[PDB]
Amino acid sequence: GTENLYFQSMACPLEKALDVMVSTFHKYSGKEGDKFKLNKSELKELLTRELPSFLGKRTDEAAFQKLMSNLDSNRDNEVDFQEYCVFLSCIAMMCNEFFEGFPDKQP
Amino acid sequence: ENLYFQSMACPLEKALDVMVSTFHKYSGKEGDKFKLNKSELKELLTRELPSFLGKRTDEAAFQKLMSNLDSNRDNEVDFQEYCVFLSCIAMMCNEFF
Ligand SMILES: *CC(=O)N1C[C@@H](c2ccccc2)C[C@@H]1C(=O)Nc1cccc2ccccc12
Ligand SMILES: [Ca+2]
Ligand SMILES: [Ca+2]
Ligand SMILES: [Ca+2]
Ligand SMILES: [Ca+2]
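As given, the protein sequences belong to chains X and L, one line each in that order. Adding 573 to a residue's 1-based position in the first sequence gives its number in the working numbering. Adding 59 to a residue's 1-based position in the second sequence gives its number in the working numbering.
What follows is the structure, given as structure tokens:
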């Protein structure tokens, strides 16, 4: 980084959130095989680099195939965009329930 | 008096946080504080998702949207039904990709 970097505020961050959801999928889904689906190696790379806060530092290797079968609803061994949206929606519902129930919880 | 900023090493995680916090920025204004009524839903759409609104901004347009999103027919949009809405938008955006 030897030149200035310029940044602009976002008027509608929820719209940019949607753009990031779409682009992150294709960042990995186009690495091998079908360019519009995620295979196990691409999904594992996505979660590890893009969603580490949700992985609980678990790297056993057996764990991923359980999630992959969960996400693979049409059972074609890959995750398409619609199944990826079900996944993200599910993560977001979990975060929302943590927020909504927080004042009632204790460690 | 200090202001603080951070870079976002994992922007997909922040996008998820924006999805959650945007919901609650509008759902607590009226009535049930964890669901969007028609008024709250209209405000969220116009302010947070203006690129997906369209010229159709009549009250019949928002009432049809409310009806398409309110799956359990309680005249509110809860967080799950809001997620279905957002996934539909994502899937549209992806088609044009
Ligand atoms: C939305 C949801 O239920 N889940 C998201 C998933 C996740 C794991 C790591 C990083 C980001 C998201 C965990 C969870 C899930 O889908 N669990 C699923 C259902 C039951 C059992 C089970 C067992 C082992 C692996 C996954 C699994
Ligand atoms: Ca692929
Ligand atoms: Ca699949
Ligand atoms: Ca409300
Ligand atoms: Ca409802």
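By construction, the Cβ of each residue, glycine as well, lies at the ideal position given by its N, Cα and C atoms.
Which bits of chain L does residue i rub up against, with CB to CB less than 8 angstroms?
{"i": "residue 539(X)", "result": "In the structure displayed, chain X extends from 574 to 680; residue 539(X) sits before or after that span and is not available."}
{"i": "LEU624(X)", "result": "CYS69, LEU71 and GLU72"}
Which chain L residues are close to residue i, counting only those with a beta carbon under 7 angstroms from its beta carbon?
{"i": "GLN655(X)", "result": "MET150"}
Under the three-state reduction of DSSP, which class applies to residue i: helix, strand or coil?
{"i": "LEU611(X)", "result": "strand"}
Applying a beta-carbon distance threshold of less than 9 angstroms, which residues of chain X neighbour residue i?
{"i": "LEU145(L)", "result": "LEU587, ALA590, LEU591, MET594, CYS658, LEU661, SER662 and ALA665"}
Which residue's Cα is closest to the Cα of residue i: the options?
{"i": "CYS668(X)", "options": "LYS123(L), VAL79(L) and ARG106(L)", "result": "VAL79(L)"}
{"i": "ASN134(L)", "options": "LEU104(L), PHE121(L), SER110(L) and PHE156(L)", "result": "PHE121(L)"}
{"i": "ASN612(X)", "options": "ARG648(X), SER582(X) and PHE671(X)", "result": "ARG648(X)"}
{"i": "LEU71(L)", "options": "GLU623(X), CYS658(X), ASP633(X) and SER642(X)", "result": "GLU623(X)"}
{"i": "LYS639(X)", "options": "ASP653(X), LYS617(X) and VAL593(X)", "result": "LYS617(X)"}
{"i": "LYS600(X)", "options": "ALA635(X), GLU634(X), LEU619(X) and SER582(X)", "result": "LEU619(X)"}
{"i": "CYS147(L)", "options": "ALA584(X), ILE664(X), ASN643(X) and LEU591(X)", "result": "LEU591(X)"}
{"i": "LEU112(L)", "options": "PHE144(L), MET67(L) and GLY87(L)", "result": "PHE144(L)"}
{"i": "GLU154(L)", "options": "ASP653(X), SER646(X), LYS630(X) and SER626(X)", "result": "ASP653(X)"}
{"i": "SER126(L)", "options": "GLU140(L), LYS114(L), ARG115(L) and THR116(L)", "result": "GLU140(L)"}
{"i": "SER646(X)", "options": "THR621(X), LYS610(X) and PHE675(X)", "result": "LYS610(X)"}
{"i": "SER626(X)", "options": "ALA665(X), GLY603(X), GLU605(X) and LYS678(X)", "result": "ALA665(X)"}
Anything in chain X within Cβ reach of residue i, meaning under 8 angstroms, just list it in chain order.
{"i": "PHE93(L)", "result": "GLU673"}
Under 6 angstroms, CB to nearest heavy atom of ligand 1: contacting residues: Working through the chain, the matches are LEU620(X), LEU624(X), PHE627(X), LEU628(X), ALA636(X), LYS639(X), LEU640(X), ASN643(X), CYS663(X), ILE664(X) and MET667(X).
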